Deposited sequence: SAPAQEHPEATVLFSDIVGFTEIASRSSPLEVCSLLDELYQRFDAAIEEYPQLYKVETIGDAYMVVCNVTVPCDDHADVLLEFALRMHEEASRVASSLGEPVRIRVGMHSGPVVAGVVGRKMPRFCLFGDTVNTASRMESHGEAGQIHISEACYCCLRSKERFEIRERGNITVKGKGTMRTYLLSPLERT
């Protein structure tokens, strides 16, 4: 199995259910798990249309997606970002007791490779991955929180319409600029 490689510029997304602990508040844990799995399967079937993208369902419930690590792209930020929008509408296709997500993206260097022996897994590693994770957990319900590194990697700023700025700290650095994007 090939060694770990460092992709100089890829775009990583995280997504998470809004009000999950509250939804699980009034449901069985097996009820909420199959609610999680249902939403996962809608993402996996919408991601049929986005081949450049790689996704892993993560411990903690976050859905992760990556672009330009599987296949090269350059266009990655843009393709990933449109998929973010698809995620949002596919989130409302699976109601509960309807479902909203929070999405974060970030662009940067990403190390990828295999860990484990009997039980191997593809691994996505580094500061880019970690920051994209705070992007999502510091982002806004129903919206798409994207970093400055990611905004700039867009090859087609002009058809997305990103006006709202924000910030994020995250504790690992100072304060970075971010952009919000509603999907309405």
Where does the structure fail to cover the deposited sequence at the C-alpha level?
98-100, 188-190
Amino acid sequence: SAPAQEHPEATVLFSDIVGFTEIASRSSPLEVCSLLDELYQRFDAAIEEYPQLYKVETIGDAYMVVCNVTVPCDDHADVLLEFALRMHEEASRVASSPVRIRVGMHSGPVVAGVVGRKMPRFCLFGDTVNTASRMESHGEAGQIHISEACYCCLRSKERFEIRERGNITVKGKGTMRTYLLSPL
From here on, numbers count along this sequence of modelled residues.
On average, are the C-alpha B-factors higher in 128-136 or in 49-57?
49-57
Which is higher on mean Cα B factor in this entry, 141-149 or 23-31?
23-31
Going by the entry, which third of its chain does the Cα temperature factor of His106 land in?
middle
Relative to the other modelled residues of the same chain, rank the CA B-factor of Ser15 and answer lowest, middle or highest third.
lowest
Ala77 CA temperature factor, ranked by third within the chain:
middle
Chain thirds of CA B-factor: placement of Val71:
highest
Here the Cα B-factor of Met87, set against its chain, lands in the third termed middle
